[PDB]
(Lines of atoms letter the chains of each structure in order from A and count residues from 1; the text may use other names and numbers.)
(Lines give C-alpha, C1' and ligand atoms only; values in the text may rest on other atoms or scores of the structure.)
Protein backbone atom coordinates (compact mmCIF):
# COMPACT_ATOMS: atom_id res chain seq x y z
CA UNK A 1 0.00 0.00 0.00
CA UNK A 2 1.23 3.47 -1.00
CA UNK A 3 0.30 7.08 -0.35
CA UNK A 4 0.04 9.39 -3.36
CA UNK A 5 2.20 12.52 -3.64
CA UNK A 6 2.81 15.09 -6.36
CA UNK A 7 5.92 16.88 -7.56
CA UNK A 8 5.89 19.62 -10.20
CA UNK A 9 9.02 20.82 -11.98
CA UNK A 10 8.83 23.97 -14.12
CA UNK A 11 11.62 23.10 -16.55
CA UNK A 12 12.34 25.69 -19.24
CA UNK A 13 15.10 25.43 -21.88
CA UNK A 14 17.79 27.14 -19.75
CA UNK A 15 16.55 26.95 -16.15
CA UNK A 16 14.49 25.04 -13.59
CA UNK A 17 12.25 26.57 -10.94
CA UNK A 18 12.74 25.27 -7.42
CA UNK A 19 11.50 26.22 -3.98
CA UNK A 20 13.28 26.24 -0.65
CA UNK A 21 10.95 24.47 1.76
CA UNK A 22 10.39 26.67 4.82
CA UNK A 23 8.47 24.33 7.15
CA UNK A 24 7.13 20.82 7.40
CA UNK A 25 8.43 17.74 5.61
CA UNK A 26 11.65 18.50 3.73
CA UNK A 27 12.26 21.91 5.32
CA UNK A 28 15.65 23.26 4.32
CA UNK A 29 15.80 21.47 0.96
CA UNK A 30 15.22 22.81 -2.50
CA UNK A 31 12.57 20.87 -4.41
CA UNK A 32 9.87 21.24 -6.98
CA UNK A 33 6.37 21.93 -5.71
CA UNK A 34 3.98 19.26 -4.46
CA UNK A 35 2.53 17.27 -1.58
CA UNK A 36 -0.16 14.80 -0.56
CA UNK A 37 -3.00 14.04 -2.93
CA UNK A 38 -6.34 14.57 -1.17
CA UNK A 39 -9.50 12.51 -1.36
CA UNK A 40 -11.72 13.95 -4.04
CA UNK A 41 -9.11 15.27 -6.47
CA UNK A 42 -7.18 13.63 -9.24
CA UNK A 43 -3.44 13.30 -8.88
CA UNK A 44 -2.96 16.06 -11.45
CA UNK A 45 -5.59 18.21 -9.66
CA UNK A 46 -3.55 17.87 -6.49
CA UNK A 47 -0.40 18.75 -8.43
CA UNK A 48 -1.99 21.98 -9.71
CA UNK A 49 -3.27 22.77 -6.22
CA UNK A 50 0.12 22.39 -4.56
CA UNK A 51 1.79 24.46 -7.28
CA UNK A 52 -0.71 27.26 -6.78
CA UNK A 53 -0.57 27.08 -2.96
CA UNK A 54 3.24 27.05 -2.86
CA UNK A 55 4.14 29.41 -5.71
CA UNK A 56 0.96 31.25 -6.74
CA UNK A 57 1.49 29.79 -10.24
CA UNK A 58 -1.04 28.13 -12.50
CA UNK A 59 -0.24 26.22 -15.69
CA UNK A 60 -2.02 25.30 -18.89
CA UNK A 61 -0.66 21.77 -19.25
CA UNK A 62 1.10 19.33 -16.91
CA UNK A 63 3.09 16.43 -18.40
CA UNK A 64 3.77 13.14 -16.63
CA UNK A 65 7.55 12.68 -16.48
CA UNK A 66 8.02 10.15 -13.73
CA UNK A 67 6.97 8.02 -10.81
CA UNK A 68 9.16 7.32 -7.77
CA UNK A 69 8.28 4.88 -4.97
CA UNK A 70 9.97 5.37 -1.60
CA UNK A 71 10.24 2.93 1.28
CA UNK A 72 11.31 4.26 4.68
CA UNK A 73 12.70 1.65 7.06
CA UNK A 74 10.16 0.88 9.79
CA UNK A 75 7.34 2.77 8.11
CA UNK A 76 4.59 0.54 6.74
CA UNK A 77 3.25 2.89 4.06
CA UNK A 78 5.17 3.45 0.87
CA UNK A 79 5.22 6.92 -0.70
CA UNK A 80 4.26 7.12 -4.38
CA UNK A 81 5.41 10.39 -5.96
CA UNK A 82 3.99 11.36 -9.35
CA UNK A 83 6.39 13.76 -11.09
CA UNK A 84 5.16 16.32 -13.62
CA UNK A 85 6.92 18.97 -15.62
CA UNK A 86 5.71 21.99 -17.51
CA UNK A 87 7.48 24.55 -19.67
CA UNK A 88 5.05 27.49 -19.78
CA UNK A 89 3.63 28.96 -16.56
CA UNK A 90 0.99 31.59 -15.89
CA UNK A 91 2.18 34.35 -13.54
CA UNK A 92 5.30 35.14 -11.53
CA UNK A 93 6.36 32.73 -8.77
CA UNK A 94 6.14 34.41 -5.37
CA UNK A 95 7.13 33.33 -1.88
CA UNK A 96 4.51 31.56 0.23
CA UNK A 97 4.40 30.21 3.76
CA UNK A 98 5.77 26.88 2.49
CA UNK A 99 8.18 27.77 -0.33
CA UNK A 100 10.71 30.41 -1.44
CA UNK A 101 11.02 30.11 -5.26
CA UNK A 102 14.15 30.75 -7.31
CA UNK A 103 15.24 29.91 -10.83
CA UNK A 104 18.40 27.85 -11.33
CA UNK A 105 20.55 27.47 -14.41
CA UNK A 106 20.66 23.80 -15.37
CA UNK A 107 24.39 23.62 -14.60
CA UNK A 108 23.87 25.09 -11.10
CA UNK A 109 21.18 22.77 -9.75
CA UNK A 110 21.76 22.62 -5.84
CA UNK A 111 21.83 18.82 -5.46
CA UNK A 112 23.62 18.85 -2.07
CA UNK A 113 20.64 20.81 -0.69
CA UNK A 114 17.98 18.69 -2.37
CA UNK A 115 16.60 15.27 -1.57
CA UNK A 116 19.40 12.72 -2.17
CA UNK A 117 17.34 10.78 -4.73
CA UNK A 118 17.17 13.88 -6.99
CA UNK A 119 20.85 13.53 -8.02
CA UNK A 120 19.95 10.11 -9.41
CA UNK A 121 16.79 10.84 -11.35
CA UNK A 122 17.19 14.51 -12.35
CA UNK A 123 19.45 13.57 -15.34
CA UNK A 124 16.58 11.58 -16.85
CA UNK A 125 14.21 14.49 -16.24
CA UNK A 126 16.59 16.85 -18.03
CA UNK A 127 16.95 14.50 -21.01
CA UNK A 128 13.12 14.49 -21.12
CA UNK A 129 13.02 10.73 -20.67
CA UNK A 130 10.14 9.20 -18.74
CA UNK A 131 11.28 7.15 -15.74
CA UNK A 132 10.27 4.84 -12.89
CA UNK A 133 12.33 4.98 -9.71
CA UNK A 134 12.46 3.16 -6.39
CA UNK A 135 14.45 4.26 -3.35
CA UNK A 136 14.84 2.68 0.07
CA UNK A 137 15.68 5.31 2.69
CA UNK A 138 16.92 4.93 6.23
CA UNK A 139 15.74 8.17 7.73
CA UNK A 140 15.75 11.21 5.45
CA UNK A 141 19.40 11.21 4.31
CA UNK A 142 20.57 7.63 3.65
CA UNK A 143 19.68 5.74 0.49
CA UNK A 144 20.11 2.00 1.10
CA UNK A 145 18.80 0.65 -2.23
CA UNK A 146 17.46 2.05 -5.46
CA UNK A 147 16.34 1.06 -8.92
CA UNK A 148 15.94 3.44 -11.83
CA UNK A 149 14.55 2.79 -15.31
CA UNK A 150 13.23 4.67 -18.34
CA UNK A 151 9.67 3.83 -19.30
CA UNK A 152 7.55 4.40 -22.40
CA UNK A 153 4.44 5.30 -20.40
CA UNK A 154 4.69 6.87 -16.93
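If you superpose the two forms and keep the largest set of C-alpha atoms that fall within 1.5 Å, you have the rigid core. Residue numbers count along the first chain shown, from 1.
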Discussion item. Fitting on the rigid core only, I'd like to know which of the two stretches, 91 to 99 or 104 to 112, ends up farther away in Cα terms in 6 other deposited structures of this protein.
Written reply: 91 to 99
Item to complete: Could you settle it for me: does 134 to 142 or 9 to 17 have the higher average Cα B factor in the PDB entry?
Response: 9 to 17
Fill in: Between the two ranges 58 to 66 and 98 to 106, the one averaging a larger CA B factor in the entry
58 to 66
Worksheet, complete the sentence: Among 51, 37, 124, 27, the highest C-alpha B-factor in the PDB entry belongs to 124
Fill in: Out of 119, 31, 42, 92, highest CA B-factor residue
92
